[PDB]
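# got a sequence here, can you model it:
(4 chains, ligands or ions: 3)
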Amino acid sequence: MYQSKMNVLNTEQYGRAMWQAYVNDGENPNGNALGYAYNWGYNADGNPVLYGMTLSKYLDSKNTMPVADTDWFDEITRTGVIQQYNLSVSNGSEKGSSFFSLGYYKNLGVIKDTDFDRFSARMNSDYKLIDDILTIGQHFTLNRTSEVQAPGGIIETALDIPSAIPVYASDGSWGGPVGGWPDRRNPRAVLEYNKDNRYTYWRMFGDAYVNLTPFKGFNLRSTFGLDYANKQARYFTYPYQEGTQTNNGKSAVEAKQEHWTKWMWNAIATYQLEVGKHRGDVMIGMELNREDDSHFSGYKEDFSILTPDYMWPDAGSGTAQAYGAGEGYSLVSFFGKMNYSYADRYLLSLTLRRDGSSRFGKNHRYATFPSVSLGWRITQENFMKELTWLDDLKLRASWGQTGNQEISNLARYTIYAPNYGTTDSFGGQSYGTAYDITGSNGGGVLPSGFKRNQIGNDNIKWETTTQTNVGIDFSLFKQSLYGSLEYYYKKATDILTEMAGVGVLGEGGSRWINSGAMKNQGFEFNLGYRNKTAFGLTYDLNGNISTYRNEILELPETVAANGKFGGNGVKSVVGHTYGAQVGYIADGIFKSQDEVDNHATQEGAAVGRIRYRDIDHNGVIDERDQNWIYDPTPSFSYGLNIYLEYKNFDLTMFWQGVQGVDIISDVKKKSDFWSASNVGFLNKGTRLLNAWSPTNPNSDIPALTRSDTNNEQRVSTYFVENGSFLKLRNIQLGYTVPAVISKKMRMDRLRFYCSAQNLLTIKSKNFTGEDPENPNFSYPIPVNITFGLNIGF
Amino acid sequence: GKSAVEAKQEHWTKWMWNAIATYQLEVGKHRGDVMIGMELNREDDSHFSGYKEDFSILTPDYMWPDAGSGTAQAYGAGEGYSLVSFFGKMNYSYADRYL
Amino acid sequence: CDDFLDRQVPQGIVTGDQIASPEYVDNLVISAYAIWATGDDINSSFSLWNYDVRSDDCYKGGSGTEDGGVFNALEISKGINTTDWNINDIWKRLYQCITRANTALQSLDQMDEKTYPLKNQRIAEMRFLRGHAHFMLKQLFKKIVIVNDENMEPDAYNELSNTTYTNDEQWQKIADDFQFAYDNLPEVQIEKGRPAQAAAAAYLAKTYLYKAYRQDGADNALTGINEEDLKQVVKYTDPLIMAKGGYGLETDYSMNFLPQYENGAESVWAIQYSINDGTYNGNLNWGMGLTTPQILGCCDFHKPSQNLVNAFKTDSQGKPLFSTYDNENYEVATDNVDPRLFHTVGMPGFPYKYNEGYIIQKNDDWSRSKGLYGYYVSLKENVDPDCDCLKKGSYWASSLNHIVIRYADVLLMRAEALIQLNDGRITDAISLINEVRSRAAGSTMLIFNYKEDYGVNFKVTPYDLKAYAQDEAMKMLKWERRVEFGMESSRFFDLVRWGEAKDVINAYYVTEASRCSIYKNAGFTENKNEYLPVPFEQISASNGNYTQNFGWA
Amino acid sequence: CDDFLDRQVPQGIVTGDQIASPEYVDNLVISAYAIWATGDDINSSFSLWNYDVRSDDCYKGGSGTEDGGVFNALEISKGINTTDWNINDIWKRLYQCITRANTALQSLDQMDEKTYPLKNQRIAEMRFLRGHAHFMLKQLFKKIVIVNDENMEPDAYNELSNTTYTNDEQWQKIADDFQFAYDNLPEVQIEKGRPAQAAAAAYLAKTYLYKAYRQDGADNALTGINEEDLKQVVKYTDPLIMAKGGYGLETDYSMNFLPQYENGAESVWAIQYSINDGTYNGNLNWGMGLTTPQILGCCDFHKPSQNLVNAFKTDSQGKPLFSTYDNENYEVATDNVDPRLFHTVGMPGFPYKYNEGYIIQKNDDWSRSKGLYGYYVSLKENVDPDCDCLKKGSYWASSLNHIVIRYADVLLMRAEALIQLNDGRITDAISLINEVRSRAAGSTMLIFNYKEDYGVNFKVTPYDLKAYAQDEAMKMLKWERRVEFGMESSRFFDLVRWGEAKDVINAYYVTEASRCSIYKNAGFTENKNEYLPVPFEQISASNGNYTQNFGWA
Ligand SMILES: [Mg+2]
Ligand SMILES: [Mg+2]
Ligand SMILES: [Mg+2]
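Numbering: from 1, shown residues only, chains lettered A, B, ... in the order given. Ligands and ions are numbered 1, 2, ... in the order given. The coordinates are given below.
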């Protein structure tokens, strides 16, 4: 259940706000285009005060759309309900084993006209031939999934559409905007039109292996793996005509198909050996990987009968389009490991891996990665005999490299695509290569060509991350006070990004490149305390607090002024943290004209506007009056886990926190401005009604206005907020039924649990959004209550 | 100079369910077996394709619908059927002499 | 296990090392034409209609001020920010046009004339297109980057500047492209999308015309009118060139803006928007999407100004009311008026694009803003709602060709160069004005019965042929540009070319504000608002290689 | 577990109980037009070209005798079997045309005129189409089943006969359909696929014309020419009817068979073959597939006869060589000739469909049979190989409309009724012949320079206007039919309507055999070969309800 949401204006508040923004601009508020009539005037000090307002019964002169106070968020949401059932059975026998599971999972989502279900079956087994020198086995699982996904941004568009538009027209048809109201369709009606777009997803993945043990410590193992999934769906387009919103009479169906087959193979040889004190393990291996993908669809317009039963491509009468493509990649992997321990006192492990990937040219295809890990168990040492309050004190130190390779399969190519212009696109922007070069005006295949999607890179290589951590884990008393203190230093080199191109280079200038170096070093320190009370209670309290600081070290000169990694194109983020931002500094609100003249000259400066600071003291506010105003690095992040057992009950709480952290958001452009938006008359947040006014002089929120002359949409501390938080991820209580009563039923264990996710959140007072951990959203994560059982025979 | 590619897809899902109850019994000479049952059956089929003409490079690597420049056609349909089945049997043998 | 890492090949594409192949060169050529239809969107129309809202011809329209407020800033010249997404977009989008023109040029450079005899013709076609895009960037930004090396590798684009060339040398580099087109395009192009030699001449003249009004100062003020630049305008508007490709005035003015009448003798070069063409919804002119009237449900952008409407009045013997036209608003009953009005702006009481089944009204049905932006409609790019050329996608659009160069523009540009030369060929310049002005008075083919049905008193007359002082001549030329090219998105560029953009736009601001309240706080600042700022994001990525415009840093 | 047996519903179709719904009635109407384009194939063309091979106008063509030998039997009248698949197919295919016309009629019968005012117009359209199909069946088989009850249920089709009506009553039932069309079709059809009132009149006249030559005996011999049936031909060829729909002769004869010139004033009703239309390869005239010349690789069927070529000669003052035309073969140099020849048959030495880039030659390139079937090509349904209307599927085809009724046919059918009435309106009948014959002599628009380039001596003159005896008049009318309608697949039907089919086809057999060896054993048997046998498979399935034709059992 969605607990809260950004409160948006109702039909009267929306009418009040637009009035304020009108009189704030010295404009006749009764000349609005939306049918509000305002009874107003000036007070004793000569300042606009709104006395009353009326609204038509209908929004349009033809009386097809009645005036409403719709709460759109409540209209497209509901209580989600989830139900899972899993039944498993396993069989252990001298010469083999086998396992079998059936599961079902059904989600009716919190969003109307959505749902999701997963049948699943797993079946694994092993067979001891040549008893304990030659073993054969298998794992396999099988999933069928089917779902109607919500449309993208359905929630936000429900907060965007004004409350005056009704859900239903005067007859029973879908409501919509008339006249000047926003060119945004009915979100409920969009869901209903989406309700039949259901995909069916089948996935199988398993593996078969042979394990040969030729003498005592030796092992040869080969494994073959397979992961094949396919998704199928029809996406239905139905006509609509709801006020000014219109499809004309469009109808179509797209029958989409997708395939992903992934196979894997490995061989591995391991040898273990033990001589009194010395223990040693060696291991070598290899792993080939391949994945092949393909998708394709059929689209066709115009259908006599607007039902899924009727609407197959065979039945369409309008035009058709055919889509589809494929991609793939392969991976070779050679690796080895060496473990050694002197007296369970000194550990040493070495590791070496060559990875090759078809996403790079032959000249960078493989990269080699080593590691050294070292260990000293202090308390085992002889001189540590005297400290009885110290069960363990291990000291580990590591150094290793790993690679990043997650990039496009065509990252290295200059790609020309035919792109005739057969795919939908918004408001233009087909970038089709077809043109009426003859002047015909159409009615046939046009001549066409090729356009560039990206420029290749003959020198694209692996991103390499070198990592170093030293650790101290411990336990004192009699395993009642366990803890660990770690220190890590990860540094990434030749970071991979799809990086766009300069403007003058034009179409398809995007490039996949290796670009610079980062550094991330920090401190982790977990501590625990477990102990029973001898009064019937066990507690097990496990904490964690971490800190980290991040910093960019090198960057190509072109990328640093670009601003991909931070700095907003005005300052280089080198020596700063990844994602930090430069912007203007919001210094409050001009409250008098004298305060406007008494400030560096800035264009939109007026009473009620935002005063922006003159960082360099030249007497004007321009593009240089910016500095560092946002750092995502939290000062620290913590987590505490409480576990209690008492009279067979058990109680669990998981808390996680983040303290002293900047967040940055656009939310405030919807909540704090009538006009901080490219499209007009959208619904806005309720913070507007405390906007600045002569009647309302001591407020952080600038005066409502129909025009953003002051560019208050500029990157500024107005959008930076204290995003510190602390929340209960999970609380859970359960009863375990004592075996005295449970084995009554020829059943070992029988347990009932009740659990809750995302229930509580404690935010900063000067945070004004919904959820500080996800500051971009105007809605929180919904709470989950669950009831469950774990019967066990 | 025709060139085209048709990307065809077909699906057949068939599921089945039954319940069956059997009872056997032996009294000296007489042996008898009874059995009752039921079986629901369903099959759902669907196919569909995309066709497109005119390709600059006459190779499978190149010839996907995205890459075609001529006209397109879209095909596809589905059909299905369901079966219900109730049944019973009765076996009897007197002296392994009369069945 | 290395043969294994090479097996998978890109699917459905051509790679960079195969695309210069001869078999694809004409594909690349078509592709460069294609982006003139497919490379814009509703906020970035290659007609530049979005930015001509600065001019005294139009309002922004839409629901109100909040609807594209970034374009309200432009329309009142206050609140424009260097960071604005629309400025950055139009800069980005026209340089994408140049990419395809150059990519083809790079391949065309490698062909053998002996085996490909259309080489120089196709090369001419591509530099024409390259000129068209640089020309528009130049109108928009003044300080443009000249991207005219097609063999330049991707890394050298990082070191380009918009100050490598002086203002005059930039105009020359645009002219040099058009020059090559003139010397190499054929006289007739059966395939009418391709420009003919006369189209190149006409664009070459247009660019030497704009280059003539020098801004060789550090700012935007005029530093003279260069004689020899004008003499190139005269040379390439030569009627003997235009005759050789068949170009001429249409017998009725309306024919330039009607689907039935595409590619007539007055369409010197046009963008061939098309329908029923294999594309997802037609290569329609999606860029005009916002311009359709409210009677289609949306969106009612690009609305004519009461000023422009008034500019069509005439003076009892058929001439502009030069100093009085805008004192009183037009009254069909008592006022003489110019026929071009009824092909430019749709007024209430009169048929929308000649279809008496749709009579415009002072209605919530015809103005999304309930009167804020008035009640006038732009005809020249809309069509009969009953046209078979009209389709809906995200927005309503049509297959109506967009004429980049109308033959009237050749005639009036020729007269402008003659007036401004002052060699006693002013009379020649007035008979060219007369050619354009006479056609107007006869263009009642589609509205002949408005005297009876509505009381319109048409009267337009040619000018008496005699000696005119030059400022008087210019006054008549400017005015003929006004009534011939309204809502064709050239008005503001003229005003800037003439160096009087601050004066008349400001006067218009005070003048229009009484009728339309968005202008109540308007204000054009000289030596700043004549051009768009170069986009902050573009300056940022250059590493100090681009410089901003005067008045912007 | 019975809710379970009902869940699955047909996908992608409409079921029989929903298809009579109003929302689909215009769909059914279009569907009945559609089958005239989509319901035939290469061996069953709705032009009936395949069966006009029996006539003295054409040979079968193709590789040789073995190529469609079933059509060699027809062409020589020997070896035709009642079982032949082609006869059965053409019978089956035209009754499928009637199915769609009736299915729409069944739905149209249930509409309310008050709510659907085009009801009777649409009904008229459907009975027209129903007449067209019965008419062709009647020409082909004489003893047809009259399927004109649209409310008849599927089982009642098993008890129908082709002898429920006498020969004369069958013709009347076809006329009754056309009669309703005349009384209800509009005078103009903006949508040119739909027949106009004059098209109905013209077809009504054509059917009363064929009905006039009575075969009321038990056999195919003529039993008289009925006066009142002729008087209906005169009534419905009335120029005052034809004027009201705008129909008239084209100023050049070639225009009836050129893509540039579809739906002219002489195309009274035509089949609207189309291209770039959403269908898999275009609604082209696939039925003419076999007719294209060898220069396209295949297949060289439907070749003009040396007889027909010779029929175009003229007599030093511009008239047919009535009794001498075929003695010597045409020699372009020394002979006068009729311009229609060069629009009918392509001869060697001359441009194929007016394209001097393809000159026909006595070549393996131009006759698949290396001389067996001569070297002549049918122009009227082929096109310029450079046409944009020509596409390849299984066979080469085009979007060239097939004209079912040419306005010349109205004029000549009118003259035929007048000659055969003999009310001293014979002169009227000759001035109508003259209208058609004068147009021919002026139809050199596309071949005016053949006197210079090849030495063609055009001469065609009208007839002196005076009294003519009736057999002399008929002789001139038949001849004008010959040179006007060659290779339009009406020649044999005329010959049968006139009752002289055995006489002239046999004479032609002896005459043509010296030039083409397939006729060496030919032989038409009277009172048998005038019509196709009713297909054995059709008689078989009737359970004794159909009777065969005279001479066939
Ligand atoms: Mg400053
Ligand atoms: Mg066009
Ligand atoms: Mg046609």
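# who in the stretch 551-700 of chain A is up against ligand 1?
A:614, A:616, A:618, A:625 (C-beta under 5 Å from the ion). (Each C-beta comes from the backbone N, C-alpha and C, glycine too.)
# ok, chain A next?
When proximity is defined by C-beta under 5 Å from the ion, chain A lies next to ligand 1 at A:614, A:616, A:618, A:625.
# now the residue nearest to residue A:608 when sequence neighbours are not counted, what's its secondary structure?
Residue nearest to residue A:608 in three dimensions, not counting chain neighbours: residue A:703, with 2.9 Å by C-beta to C-beta, 6 or more residues apart in numbering or on different chains. Three-state call for residue A:703 (DSSP: H, G, I helix; E, B strand; the rest coil): coil.
# tell me how far residue A:703 lies from residue A:697.
Look at residue A:703 and residue A:697: by C-beta to C-beta, to the nearest Å, they are 10 Å apart.
# ok, the two, which is more surrounded?
Set residue A:703 next to residue A:697 and count neighbours by other C-beta atoms under 10 Å in any protein chain shown: residue A:703 wins out with 23 against 11.
# what's near enough to touch the more buried one?
A:20, A:24, A:589, A:607, A:608, A:609, A:691, A:692, A:693 (C-beta atoms under 8 Å, 6 or more residues apart in numbering or on different chains).
# give me the nearest residue to the second one, chain neighbours excluded.
It stands for residue A:24. residue A:703 (5.0 Å).
# how close does that neighbour sit to chain B?
Applying C-beta to the nearest C-beta, to the nearest Å, the value for residue A:703 to chain B is 52 Å.
# I figured residue A:522 hits residue A:545, correct?
No. Using C-beta atoms under 8 Å, residue A:522 is not in contact with residue A:545, being 11.0 Å away.
# residue 392 bridge partners, please.
I'll assume chain A. Beta-bridge pairing for residue A:392 (DSSP bridges): residue A:475.
# right idea, wrong chain: chain C
Applying DSSP bridges, one finds that residue C:392 bridges with residue C:396.
# and for it, the neighbour number?
19.
# same check, this time on residue A:644
The number of residues packed near residue A:644 is 15, by other C-beta under 10 Å.
# how about the residues of the stretch 401-550 of chain A that lie near ligand 2?
So the stretch 401-550 of chain A meets ligand 2 at residue A:441 (C-beta under 5 Å from the ion).
# in the stretch 401-550 of chain A, what residue lies closest to ligand 1?
residue A:503 (26.5 Å; C-beta to the ion).
# residue A:126: which of the residues of chain A next to ligand 1 is nearest?
Closest approach to residue A:126 among the residues of chain A next to ligand 1 (C-beta to C-beta): residue A:625, at 70.1 Å.
# shouldn't that closest one be in contact with residue A:612?
Yes. Residue A:625 is in contact with residue A:612 according to C-beta under 8 Å; the separation is 6.5 Å.
# shared neighbours of these two, anything?
A:584, A:585.
# more neighbours: which of these two?
More crowded of residue A:625 and residue A:612, by other C-beta under 10 Å: residue A:612, with 27 against 19.
# pull up the gap between the residue lying closest to the more buried one once chain neighbours are set aside and residue A:621, please.
Excluding its sequence neighbours, the residue lying closest to residue A:612 (C-beta to C-beta, 6+ apart) is residue A:584, at 4.7 Å. Noted for residue A:584: a distance of 8 Å to residue A:621, by C-beta to C-beta.
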